[PDB]
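Each remark here refers to the structure printed beneath this line.
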Amino acid sequence: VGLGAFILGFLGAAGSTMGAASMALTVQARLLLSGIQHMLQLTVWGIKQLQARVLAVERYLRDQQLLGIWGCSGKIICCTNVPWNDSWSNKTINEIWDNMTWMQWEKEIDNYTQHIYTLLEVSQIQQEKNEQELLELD
Amino acid sequence: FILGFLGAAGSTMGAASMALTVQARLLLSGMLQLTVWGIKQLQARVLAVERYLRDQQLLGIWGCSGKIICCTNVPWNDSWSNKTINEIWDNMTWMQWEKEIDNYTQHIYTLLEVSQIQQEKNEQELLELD
Amino acid sequence: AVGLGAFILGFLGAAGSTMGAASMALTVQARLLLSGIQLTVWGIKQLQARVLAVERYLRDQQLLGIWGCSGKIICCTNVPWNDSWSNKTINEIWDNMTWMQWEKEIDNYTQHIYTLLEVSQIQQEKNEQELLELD
Amino acid sequence: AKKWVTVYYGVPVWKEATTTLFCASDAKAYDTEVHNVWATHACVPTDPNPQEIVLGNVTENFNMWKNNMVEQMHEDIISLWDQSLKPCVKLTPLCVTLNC
Amino acid sequence: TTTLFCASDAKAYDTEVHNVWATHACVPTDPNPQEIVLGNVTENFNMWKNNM
Amino acid sequence: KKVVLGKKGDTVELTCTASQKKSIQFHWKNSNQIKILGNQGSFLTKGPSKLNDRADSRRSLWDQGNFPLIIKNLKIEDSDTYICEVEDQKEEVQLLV
Amino acid sequence: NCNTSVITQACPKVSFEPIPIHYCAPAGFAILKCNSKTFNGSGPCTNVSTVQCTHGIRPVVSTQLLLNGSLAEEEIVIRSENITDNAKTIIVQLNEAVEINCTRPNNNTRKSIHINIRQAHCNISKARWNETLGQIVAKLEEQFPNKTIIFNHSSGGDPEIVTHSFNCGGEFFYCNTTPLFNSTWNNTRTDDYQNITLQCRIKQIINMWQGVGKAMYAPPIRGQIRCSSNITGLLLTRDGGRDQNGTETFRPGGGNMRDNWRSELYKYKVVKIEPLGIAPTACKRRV
Ligand SMILES: *[C@@H]1O[C@H](CO)[C@@H](O[C@@H]2O[C@H](CO)[C@@H](O[C@@H]3O[C@H](CO[C@H]4O[C@H](CO)[C@@H](O)[C@H](O)[C@@H]4O)[C@@H](O)[C@H](O[C@H]4O[C@H](CO)[C@@H](O)[C@H](O)[C@@H]4O[C@H]4O[C@H](CO)[C@@H](O)[C@H](O)[C@@H]4O[C@H]4O[C@H](CO)[C@@H](O)[C@H](O)[C@@H]4O)[C@@H]3O)[C@H](O)[C@H]2NC(C)=O)[C@H](O)[C@H]1NC(C)=O
Ligand SMILES: *[C@@H]1O[C@H](CO)[C@@H](O[C@@H]2O[C@H](CO)[C@@H](O[C@@H]3O[C@H](CO)[C@@H](O)[C@H](O[C@H]4O[C@H](CO)[C@@H](O)[C@H](O)[C@@H]4O)[C@@H]3O)[C@H](O)[C@H]2NC(C)=O)[C@H](O)[C@H]1NC(C)=O
Ligand SMILES: CCCCCCCCCCCCO[C@@H]1O[C@H](CO)[C@@H](O[C@H]2O[C@H](CO)[C@@H](O)[C@H](O)[C@H]2O)[C@H](O)[C@H]1O
Ligand SMILES: CCCCCCCCCCCCO[C@@H]1O[C@H](CO)[C@@H](O[C@H]2O[C@H](CO)[C@@H](O)[C@H](O)[C@H]2O)[C@H](O)[C@H]1O
Ligand SMILES: *[C@@H]1O[C@H](CO)[C@@H](O[C@@H]2O[C@H](CO)[C@@H](O)[C@H](O)[C@H]2NC(C)=O)[C@H](O)[C@H]1NC(C)=O
Ligand SMILES: *[C@@H]1O[C@H](CO)[C@@H](O[C@@H]2O[C@H](CO)[C@@H](O)[C@H](O)[C@H]2NC(C)=O)[C@H](O)[C@H]1NC(C)=O
Ligand SMILES: *[C@@H]1O[C@H](CO)[C@@H](O[C@@H]2O[C@H](CO)[C@@H](O)[C@H](O)[C@H]2NC(C)=O)[C@H](O)[C@H]1NC(C)=O
Ligand SMILES: *[C@@H]1O[C@H](CO)[C@@H](O[C@@H]2O[C@H](CO)[C@@H](O)[C@H](O)[C@H]2NC(C)=O)[C@H](O)[C@H]1NC(C)=O
Ligand SMILES: *[C@@H]1O[C@H](CO)[C@@H](O[C@@H]2O[C@H](CO)[C@@H](O)[C@H](O)[C@H]2NC(C)=O)[C@H](O)[C@H]1NC(C)=O
Ligand SMILES: *[C@@H]1O[C@H](CO)[C@@H](O[C@@H]2O[C@H](CO)[C@@H](O)[C@H](O)[C@H]2NC(C)=O)[C@H](O)[C@H]1NC(C)=O
Ligand SMILES: *[C@@H]1O[C@H](CO)[C@@H](O)[C@H](O)[C@H]1NC(C)=O
Ligand SMILES: *[C@@H]1O[C@H](CO)[C@@H](O)[C@H](O)[C@H]1NC(C)=O
Ligand SMILES: *[C@@H]1O[C@H](CO)[C@@H](O)[C@H](O)[C@H]1NC(C)=O
Ligand SMILES: *[C@@H]1O[C@H](CO)[C@@H](O)[C@H](O)[C@H]1NC(C)=O
Ligand SMILES: *[C@@H]1O[C@H](CO)[C@@H](O)[C@H](O)[C@H]1NC(C)=O
Ligand SMILES: *[C@@H]1O[C@H](CO)[C@@H](O)[C@H](O)[C@H]1NC(C)=O
Ligand SMILES: *[C@@H]1O[C@H](CO)[C@@H](O)[C@H](O)[C@H]1NC(C)=O
Ligand SMILES: *[C@@H]1O[C@H](CO)[C@@H](O)[C@H](O)[C@H]1NC(C)=O
Ligand SMILES: *[C@@H]1O[C@H](CO)[C@@H](O)[C@H](O)[C@H]1NC(C)=O
Ligand SMILES: *[C@@H]1O[C@H](CO)[C@@H](O)[C@H](O)[C@H]1NC(C)=O
Ligand SMILES: *[C@@H]1O[C@H](CO)[C@@H](O)[C@H](O)[C@H]1NC(C)=O
Ligand SMILES: *[C@@H]1O[C@H](CO)[C@@H](O)[C@H](O)[C@H]1NC(C)=O
Ligand SMILES: *[C@@H]1O[C@H](CO)[C@@H](O)[C@H](O)[C@H]1NC(C)=O
Ligand SMILES: *[C@@H]1O[C@H](CO)[C@@H](O)[C@H](O)[C@H]1NC(C)=O
Ligand SMILES: *[C@@H]1O[C@H](CO)[C@@H](O)[C@H](O)[C@H]1NC(C)=O
Ligand SMILES: *[C@@H]1O[C@H](CO)[C@@H](O)[C@H](O)[C@H]1NC(C)=O
């Protein structure tokens, strides 16, 4: 968790715009990779803190595999082949990436997410069929 | 924990796959004695995670690293099993199927390793040209 | 994970073994493993060590994506070796040197190498996306 | 350029929750006073080293009259209350399930 | 360059100051410590540069 | 509007209803927005109304979702339209004494 | 047909003194807190922080005044769901506490008058009370700038809300607050001039606050009853109407325990994380 106040949501700080968070993340990633009075109740709190950490890990791993349904297994950032509709959003790339935070962005398209998720599933199914059909020849 | 797919082979293999697809869609679409038991429960959860991560990387030896379902290029031998795809997937549960072929697995595991080695060898030789 | 390391991290092999020997031992264990062939105070301390190691592991597995090695333990790249960093041959180092000896030998080139790896990955992604401009 | 869908995991976004909170208090656990007695079995000790993170330039909409923490606190207190200050005589209405 | 935990078989109730300090300064010792002998590794130690 | 009738000196019951079948905070008001009755927690509160002495409610039915206004000893001048506020719906009844 | 269900229970007395209780989110959840010193009852906060646990709140049960709790950081803040709604509770949080000292004298031993052990009283410092109201009025005038502010006693209802009510050590007290709310205001005070003494009675048959019903408690403790509380707020109800020609009246409200807890929990919100998001980019997946 290079960025963020939460274990999950590790791609950035709340309040940062989406583009800014990405740039900050790249820098932090580079640095990390490059290597650049006991109280009795402490027992209780130690367990609770570990449970929070363990739970985040369990969820993380679960989601990393579930995303395979859209062809995004094991990824944090996953590019797809589904076109963006101006109907979902009439904003352009720079204005959303530079001026909107992730919460604002999700609010902007909140009631289209179920539609988009459906489309992603469909695309992955067709991609899989195409590969296997080619392998019936090869 | 993974505990397989949590169905205890109480359903056939085909049914389990369909159920997983459904759940993946739903999931993505959206007191002194407590110290002792809290620790034991927590230890078990940690252990499950460590084994999972290890095995996902160990499977790289067969070219299946990081996958839950891994399609290989090793052909099926009717001698291992003479059943068809539908017979196996629709009528058998996982604990019935593994029993049917329980002692052919060591042979299969060997074949999987061999196939992966040959595939890697071929790719690297091609890359000495390209 | 694999009882060659003697540490939670550093699992590819025991300290003191040559790099080559460690790889061979690791292959053997993979086959064996896949083939199937005050207590409260210390319990918490042990778990903290294990949880932390897992978190670092996962973190790094994703951070390595920056060089195109996400999700890998062993990863091959397209950055050529500079004889200037090291004048030794492949069997020379893999057969006779341990990991610590090797890392000490090329320690001051590490940041140079890391920089090159990032640059290569950027160029690779750029090239692929340009091809996909038409394809 | 052509705009394409990209999926991101690890996005710093949150929604309102409806969950169960834990209570904590510095119960004496030897005293006979009601709140200490209840807390002894109902609650955990407080956090010896609490932390607070100030968020960046964010705006969050709060609403004290739609706050479900209130209802939960209400239930905990009633349970506490009725395990202690027991009346000599308790009288409550009860009606027949008729449509009248 | 890190911070280590102290551990001791403190009694506390004895009132002796090391036991009283230890009561909160430290934790109980490991009831079942383990040691791993490493392979043929040579390591340079220096007691005069030891930050512990 | 619902219309309820009675004679001077009589007693009538005007009602509000919740679909909740639970005790809900509710209020009764006259046409001049003067509070008459309401539910505060489990208690009956009365407003600064001419009906403060006449107004009552069957507290035992509050958990049935029934929130009546009972007006005893009706005066001819009590013939107003009373307003219910339950949950977030409003109801109106005209009383003719 | 409704039939009262009656349960007879043992009647022990117990020591009874509220302890601060903190609430903590479970794993997977976090609590956001509003850090504005001027925060409203609802709406945006720009200073927001994340905590795992709330501050402690003592589980104090009272009906007209909030007797033990936190204070506002700078100013008296008046919070209401709808200030123009005659039916809503107005919660006034003070930035300073007013001490109230209640007692049951050991010499009050009379048991009956004719065919006092239930007699008690509470003191408020006059200068604290008048200062408190003057500040409240100044804030009420921000909402009602052209109207006279009248404080008054309750308009009627069950005694638990008509009088002030609290519990010390199992003793249920009912106190007359007419002396606190008989004041009328302009930008100036209309009262006289040290100690405002409230008359209190200790009762055995009380209404339930936790539900609808009645409850009877054992008779009073022989002596030495004392309470020492910090008033940190008021529960007021505004009396409006079509004929309120230049005057607004504020009477003690309350009786709804949810309002008492809201007066402390207004700064906290519980949230969950949804880490999966979507946005357009200019990349394409190779297929
Ligand atoms: C807002 O928060 C504040 C917090 O500060 C709340 O204020 C607190 O309210 C408490 C309510 O009871 C009150 O508690 C009382 O304190 C008395 C004084 O305690 C101190 O002195 C004693 C002296 O020995 C010390 O031991 C103690 O540690 C303190 O230093 C206590 O004496 C009271 O206990 C007695 O009454 C309770 C009532 O339920 C009984 O349960 C308890 O068993 C005690 O009963 C004795 O008295 C009765 C009288 O008839 C006897 O019948 C009985 O047998 C006991 O008598 C024996 O002891 C007396 C002692 O003199 C002796 O004379 C007799 O002969 C017997 O031996 C009780 O603990 C807090 O003090 C008070 N805090 C402050 C600062 O004032 C405030 O209420 C909150 N607001 C709201 C709305 O909740
Ligand atoms: C606190 O609130 C109370 C309640 O509102 C308020 O006291 C009320 O003042 C009004 C002032 O008009 C009183 O109303 C009248 O008082 C006279 C006194 O003798 C009565 O005679 C009147 O009754 C006649 O007129 C009525 C008009 O409809 C007839 O219905 C009736 O049959 C009579 O003909 C009338 O009551 C009102 O009674 C008081 N209420 C109480 C409980 O005293 C009080 O002043 C407020 N406090 C402050 C500080 O302002
Ligand atoms: C916090 C605990 C840490 C996580 C616990 C699990 C960590 C993993 C421990 C064992 C990992 C070993 O996983 C290792 O994978 C690499 C490839 O990906 C394989 O290494 C492979 O290199 C190439 C092919 O990749 C070939 O030479 C040969 O097939 C094999 O040696 C090893 O066969 C396998 O042993
Ligand atoms: C929940 C358990 C606790 C830990 C969870 C797992 C740790 C993950 C947290 C950090 C994740 C960031 O890991 C991220 O990986 C992706 C690829 O996969 C990389 O993706 C990278 O793509 C290219 C570089 O090629 C850049 O345009 C981009 O800025 C960069 O993000 C990021 O450089 C790296 O920062
Ligand atoms: C948000 O509110 C917090 C809480 O008051 C402010 O930070 C505090 O500043 C005081 C000043 O002495 C410190 O003592 C506290 O420890 C600080 N608290 C925390 C949690 O840091 C904070 O500055 C406010 N932020 C904004 C943007 O107004
Ligand atoms: C206190 O609550 C009121 C009621 O919601 C807030 O008033 C609203 O403020 C927003 C801010 O942009 C306006 O758009 C709304 O139109 C306002 N509503 C009304 C009815 O005017 C008020 O701002 C809140 N005060 C604070 C400090 O947040
Ligand atoms: C509450 O305040 C009253 C104010 O009168 C106190 O009663 C006075 O106490 C003094 C103490 O010397 C006596 O001289 C006065 O004569 C008393 N006045 C009356 C009218 O009796 C009362 O004791 C205080 N009570 C509490 C709980 O503090
Ligand atoms: C309620 O009792 C408290 C405690 O005795 C009074 O406050 C004390 O007043 C004396 C007077 O000199 C001060 O020395 C103490 O320091 C005060 N105590 C505290 C905690 O401040 C309080 O004034 C009484 N309140 C009323 C209304 O009589
Ligand atoms: C509070 O006390 C006042 C008196 O101090 C009570 O009001 C008095 O009630 C009698 C009853 O006939 C009237 O004659 C007096 O004129 C009233 N006095 C005042 C100042 O109004 C009052 O009812 C008590 N209130 C409660 C809730 O007990
Ligand atoms: C009422 O408020 C007073 C302060 O106005 C509280 O007394 C202070 O509590 C703090 C807590 O750390 C102490 O450090 C101060 O020394 C106390 N002041 C005095 C004069 O004693 C008091 O405890 C509050 N009472 C209640 C019931 O909450
Ligand atoms: C908040 O605005 C200031 C203005 O300069 C900026 O520096 C800071 O980084 C912003 N915080 C976030 C989270 O963007
Ligand atoms: C997205 O564009 C396609 C192009 O024809 C259109 O059919 C579809 O309805 C669009 N989606 C929305 C939500 O408008
Ligand atoms: C939507 O896109 C069209 C494209 O020309 C633009 O004209 C229109 O103003 C956009 N609407 C909004 C609300 O941005
Ligand atoms: C971001 O908002 C500022 C506000 O003035 C605007 O000027 C800027 O052009 C916006 N960025 C983009 C990419 O539209
Ligand atoms: C999303 O909700 C808003 C709320 O009014 C609505 O106007 C908008 O059309 C909704 N969008 C979709 C895709 O349903
Ligand atoms: C697979 O089938 C072929 C068919 O001739 C047979 O020769 C071979 O031995 C079989 N392999 C195994 C492992 O049984
Ligand atoms: C085994 O496979 C052969 C292949 O032709 C088939 O004829 C035979 O019936 C199969 N036996 C069983 C039991 O399925
Ligand atoms: C499953 O068993 C039943 C039993 O008669 C059989 O009819 C059915 O065809 C079997 N299904 C498959 C896929 O073999
Ligand atoms: C598996 O075990 C059974 C037990 O009798 C045996 O008959 C069968 O031939 C074994 N199969 C293999 C592949 O060894
Ligand atoms: C240590 O030396 C012995 C001598 O035979 C050798 O067998 C062993 O493998 C060595 N261990 C390492 C780690 O080199
Ligand atoms: C790596 O080899 C290239 C080949 O021209 C050389 O220019 C470069 O300086 C070498 N790197 C170092 C560190 O010498
Ligand atoms: C590097 O290897 C070559 C091979 O002949 C050797 O001549 C050269 O001296 C070596 N470099 C150094 C610094 O010894
Ligand atoms: C390893 O060291 C021995 C020592 O005699 C040497 O003979 C051998 O050639 C070395 N191996 C390599 C690969 O240099
Ligand atoms: C690497 O460190 C060694 C230690 O003395 C030094 O001799 C060598 O020249 C260093 N190499 C570089 C490139 O700085
Ligand atoms: C309040 O004070 C002003 C000061 O001139 C006065 O005019 C006004 O009449 C006063 N209010 C009432 C109700 O008398
Ligand atoms: C409140 O009481 C103080 C006591 O001296 C007095 O000076 C002040 O003027 C009073 N408040 C008002 C508004 O008169």
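Here's how to read the names in the structure tokens: chain A, B, ... by the order shown, residue numbers from 1 in each chain, ligand numbers from 1 in the order shown.
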Chain B residues within 12 Å of chain D, counting only C-alpha atoms: which ones, as a VMD selection string?
chain B and resid 28 30 to 35
Once you count only C-alpha atoms and all ligand atoms, which residues end up within 8 Å of ligand 9, and could you hand them over as a list in words?
residues 153, 154, 159, 162, 163, 175, 176, 177, 178, 179, 182 and 199 of chain G
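Residues of chain D assigned to strand (DSSP E or B) by DSSP on this structure's backbone: residues 4, 5, 6, 7, 8, 9, 14, 15, 16, 22, 23, 24, 44, 52, 53, 54, 60, 61, 62, 63, 89, 90, 91, 92 and 95 of chain D.
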Can you work out which residues are within 7 Å of ligand 16, considering only C-alpha atoms and all ligand atoms, and then hand them over as an NGL selection string?
:B and (77-80 or 107)
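Using only C-alpha atoms and all ligand atoms, residues with at least one atom at most 7 Å away from any atom of ligand 20 are residues 14, 15, 16, 17 and 18 of chain C; 39, 40 and 41 of chain E.
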If you take only C-alpha atoms and all ligand atoms and a cut-off of 9 Å, which residues of chain B touch ligand 3, and what are their nearest atom pairs and distances in Å to one decimal, in chain and number order, as a Markdown table?
```
| residue | atom | partner | partner_atom_place_in_ligand_line | distance |
| --- | --- | --- | --- | --- |
| B:49 | CA | ligand 3 | 1 (C) | 8.5 |
| B:50 | CA | ligand 3 | 2 (C) | 5.5 |
| B:51 | CA | ligand 3 | 5 (C) | 6.9 |
| B:52 | CA | ligand 3 | 6 (C) | 7.8 |
| B:53 | CA | ligand 3 | 6 (C) | 5.0 |
| B:54 | CA | ligand 3 | 6 (C) | 3.2 |
| B:55 | CA | ligand 3 | 6 (C) | 6.7 |
| B:56 | CA | ligand 3 | 6 (C) | 7.6 |
| B:57 | CA | ligand 3 | 13 (O) | 4.6 |
| B:58 | CA | ligand 3 | 13 (O) | 4.2 |
| B:59 | CA | ligand 3 | 15 (O) | 7.1 |
| B:60 | CA | ligand 3 | 18 (O) | 4.4 |
| B:61 | CA | ligand 3 | 33 (O) | 4.2 |
| B:62 | CA | ligand 3 | 29 (O) | 7.3 |
| B:63 | CA | ligand 3 | 25 (O) | 7.4 |
| B:64 | CA | ligand 3 | 18 (O) | 8.7 |
| B:65 | CA | ligand 3 | 18 (O) | 6.3 |
| B:113 | CA | ligand 3 | 29 (O) | 7.9 |
| B:116 | CA | ligand 3 | 29 (O) | 7.0 |
| B:117 | CA | ligand 3 | 29 (O) | 6.2 |
| B:120 | CA | ligand 3 | 24 (C) | 7.3 |
```
Do you know which residues are at most 10 Å from residue 8 (chain E) counting only C-alpha atoms, after dropping those on the same chain fewer than 4 positions away, and could you put them as an NGL selection string?
:E and (18-19 or 22-23 or 25-30)
Residues from last step as file, C-alpha atoms, as a PDB file, in the first residue's frame:
```pdb
ATOM      1  CA  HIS E  18      14.032  -4.461  37.378  1.00  0.00           C
ATOM      2  CA  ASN E  19      10.940  -6.603  37.700  1.00  0.00           C
ATOM      3  CA  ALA E  22      10.168  -5.097  33.056  1.00  0.00           C
ATOM      4  CA  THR E  23       6.519  -5.460  33.912  1.00  0.00           C
ATOM      5  CA  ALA E  25       8.953  -2.456  29.457  1.00  0.00           C
ATOM      6  CA  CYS E  26       9.107  -6.076  28.357  1.00  0.00           C
ATOM      7  CA  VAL E  27       7.233  -9.204  27.418  1.00  0.00           C
ATOM      8  CA  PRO E  28       7.664 -12.853  28.611  1.00  0.00           C
ATOM      9  CA  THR E  29      10.507 -14.778  27.045  1.00  0.00           C
ATOM     10  CA  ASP E  30       9.975 -17.313  24.283  1.00  0.00           C
TER      11      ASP E  30
END
```
Of the candidates F:83, F:48, F:54, F:68, which shows the shortest atom-to-atom distance to ligand 2, using only C-alpha atoms and all ligand atoms?
F:48
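Within 9 Å of chain B, chain A contributes the residues residues 43, 44, 47, 48, 50, 51, 54, 57, 58, 61, 63, 65, 66, 67, 69, 73, 74, 113, 114, 117, 118 and 121 of chain A, using only C-alpha atoms.
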Output file for the residues above (N, CA, C and O atoms, as a CSV table (one decimal), in the first residue's frame):
```csv
chain,number,residue,atom,x,y,z
A,43,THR,N,-2.9,-7.5,23.7
A,43,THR,CA,-3.1,-8.8,23.1
A,43,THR,C,-4.3,-8.7,22.3
A,43,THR,O,-4.4,-9.2,21.1
A,44,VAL,N,-5.4,-8.1,22.8
A,44,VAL,CA,-6.7,-8.1,22.1
A,44,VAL,C,-6.6,-7.2,20.9
A,44,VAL,O,-7.1,-7.6,19.8
A,47,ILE,N,-4.7,-8.9,18.0
A,47,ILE,CA,-5.4,-9.8,17.3
A,47,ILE,C,-6.3,-9.1,16.3
A,47,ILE,O,-6.4,-9.5,15.2
A,48,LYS,N,-7.0,-8.1,16.8
A,48,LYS,CA,-7.9,-7.3,15.9
A,48,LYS,C,-7.2,-6.7,14.7
A,48,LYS,O,-7.7,-6.7,13.6
A,50,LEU,N,-4.4,-7.8,13.3
A,50,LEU,CA,-4.1,-8.8,12.4
A,50,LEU,C,-5.3,-9.3,11.6
A,50,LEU,O,-5.3,-9.4,10.4
A,51,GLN,N,-6.5,-9.4,12.3
A,51,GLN,CA,-7.6,-9.8,11.5
A,51,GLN,C,-7.9,-8.8,10.4
A,51,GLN,O,-8.3,-9.3,9.3
A,54,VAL,N,-5.4,-9.6,7.6
A,54,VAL,CA,-5.7,-10.9,7.0
A,54,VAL,C,-6.9,-10.8,6.1
A,54,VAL,O,-6.9,-11.4,5.0
A,57,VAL,N,-6.2,-9.2,2.9
A,57,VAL,CA,-5.5,-10.1,2.0
A,57,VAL,C,-6.4,-11.1,1.4
A,57,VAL,O,-6.3,-11.4,0.2
A,58,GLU,N,-7.3,-11.7,2.2
A,58,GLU,CA,-8.2,-12.7,1.6
A,58,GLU,C,-9.1,-12.1,0.6
A,58,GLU,O,-9.3,-12.8,-0.5
A,61,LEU,N,-7.0,-11.4,-2.7
A,61,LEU,CA,-6.7,-12.5,-3.5
A,61,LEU,C,-7.9,-13.0,-4.2
A,61,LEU,O,-7.9,-13.4,-5.4
A,63,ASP,N,-10.5,-11.3,-5.2
A,63,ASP,CA,-10.9,-10.5,-6.3
A,63,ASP,C,-9.9,-10.6,-7.4
A,63,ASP,O,-10.3,-10.7,-8.6
A,65,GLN,N,-8.5,-13.2,-8.5
A,65,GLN,CA,-8.9,-14.3,-9.4
A,65,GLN,C,-10.3,-14.1,-10.0
A,65,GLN,O,-10.5,-14.4,-11.2
A,66,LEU,N,-11.2,-13.5,-9.3
A,66,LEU,CA,-12.6,-13.3,-9.9
A,66,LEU,C,-12.6,-12.5,-11.1
A,66,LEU,O,-13.3,-12.8,-12.0
A,67,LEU,N,-11.7,-11.5,-11.2
A,67,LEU,CA,-11.6,-10.6,-12.3
A,67,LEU,C,-11.2,-11.4,-13.6
A,67,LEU,O,-11.3,-10.8,-14.7
A,69,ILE,N,-12.9,-13.3,-15.0
A,69,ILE,CA,-14.2,-13.4,-15.8
A,69,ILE,C,-14.2,-12.4,-16.9
A,69,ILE,O,-14.9,-12.5,-17.9
A,73,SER,N,-7.5,-11.3,-14.8
A,73,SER,CA,-7.0,-12.0,-13.6
A,73,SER,C,-5.6,-11.6,-13.3
A,73,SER,O,-4.8,-11.5,-14.2
A,74,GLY,N,-5.4,-11.4,-12.0
A,74,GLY,CA,-4.0,-11.1,-11.5
A,74,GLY,C,-3.6,-9.7,-11.8
A,74,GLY,O,-2.4,-9.3,-11.6
A,113,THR,N,-22.7,1.2,-14.2
A,113,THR,CA,-21.7,0.2,-14.0
A,113,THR,C,-22.2,-1.2,-14.2
A,113,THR,O,-21.5,-2.1,-14.7
A,114,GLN,N,-23.5,-1.4,-14.0
A,114,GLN,CA,-24.0,-2.8,-14.1
A,114,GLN,C,-24.0,-3.1,-15.6
A,114,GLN,O,-23.8,-4.3,-16.0
A,117,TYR,N,-20.4,-3.7,-16.7
A,117,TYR,CA,-19.9,-5.0,-16.3
A,117,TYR,C,-20.4,-6.1,-17.2
A,117,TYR,O,-19.7,-7.1,-17.5
A,118,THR,N,-21.7,-6.0,-17.5
A,118,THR,CA,-22.3,-7.0,-18.4
A,118,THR,C,-21.5,-7.0,-19.8
A,118,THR,O,-21.2,-8.1,-20.3
A,121,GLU,N,-18.2,-8.9,-19.6
A,121,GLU,CA,-18.3,-10.3,-19.6
A,121,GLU,C,-18.5,-10.8,-21.0
A,121,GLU,O,-17.9,-11.8,-21.4
```
Can you pull out every residue from region 18-260 of chain G that DSSP, working from the backbone, puts in alpha helix (DSSP H), and format the result as a list in words?
residues 126, 127, 128, 129, 130, 131, 132, 133, 134, 135, 136, 137, 138, 139, 140, 159, 160, 161, 162, 257, 258, 259 and 260 of chain G
Would you tabulate, counting only C-alpha atoms, all residues of chain A that have an atom at most 12 Å from an atom of chain C, showing the closest pair of atoms and their distance in Å to one decimal, sorted by chain then ascending number, as CSV?
```
residue,atom,partner,partner_atom,distance
A:1,CA,C:59,CA,7.3
A:2,CA,C:59,CA,8.9
A:3,CA,C:59,CA,11.9
A:7,CA,C:55,CA,10.4
A:10,CA,C:59,CA,10.3
A:11,CA,C:62,CA,11.8
A:25,CA,C:63,CA,10.2
A:26,CA,C:66,CA,8.3
A:27,CA,C:66,CA,10.7
A:28,CA,C:63,CA,9.7
A:29,CA,C:63,CA,6.1
A:30,CA,C:66,CA,8.0
A:31,CA,C:63,CA,10.1
A:32,CA,C:63,CA,8.1
A:33,CA,C:63,CA,6.5
A:34,CA,C:114,CA,7.0
A:35,CA,C:111,CA,9.4
A:36,CA,C:111,CA,9.5
A:38,CA,C:41,CA,11.2
A:39,CA,C:41,CA,11.8
A:40,CA,C:41,CA,10.2
A:41,CA,C:41,CA,11.3
A:42,CA,C:41,CA,9.5
A:43,CA,C:41,CA,7.0
A:44,CA,C:44,CA,9.8
A:45,CA,C:44,CA,10.3
A:46,CA,C:44,CA,6.9
A:47,CA,C:44,CA,6.9
A:48,CA,C:44,CA,10.5
A:49,CA,C:48,CA,9.6
A:50,CA,C:48,CA,7.2
A:51,CA,C:51,CA,10.0
A:52,CA,C:51,CA,10.9
A:53,CA,C:51,CA,7.6
A:54,CA,C:51,CA,7.2
A:55,CA,C:51,CA,10.8
A:56,CA,C:55,CA,10.0
A:57,CA,C:55,CA,7.7
A:58,CA,C:54,CA,11.1
A:60,CA,C:58,CA,9.8
A:61,CA,C:58,CA,9.3
A:64,CA,C:62,CA,11.3
A:73,CA,C:71,CA,10.7
A:74,CA,C:71,CA,7.4
A:75,CA,C:62,CA,8.1
A:76,CA,C:62,CA,7.7
A:77,CA,C:65,CA,10.1
A:79,CA,C:129,CA,11.1
A:81,CA,C:132,CA,11.0
```
Near region 91-100 of chain A, within 6 Å and counting only C-alpha atoms, which residues show up once chain neighbours fewer than 2 positions away are dropped, as a list in words?
residues 17, 18, 19, 89 and 104 of chain A
Selection above as a file: C-alpha atoms, as a short mmCIF file (atom, residue, chain, number, x, y, z; two decimals), in the first residue's frame:
```cif
data_model
loop_
_atom_site.label_atom_id
_atom_site.label_comp_id
_atom_site.auth_asym_id
_atom_site.auth_seq_id
_atom_site.Cartn_x
_atom_site.Cartn_y
_atom_site.Cartn_z
CA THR A 17 -7.47 13.45 -8.88
CA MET A 18 -7.19 10.22 -10.76
CA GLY A 19 -4.28 11.27 -12.97
CA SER A 89 -19.87 9.84 -20.13
CA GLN A 104 -16.44 11.86 -8.21
#
```
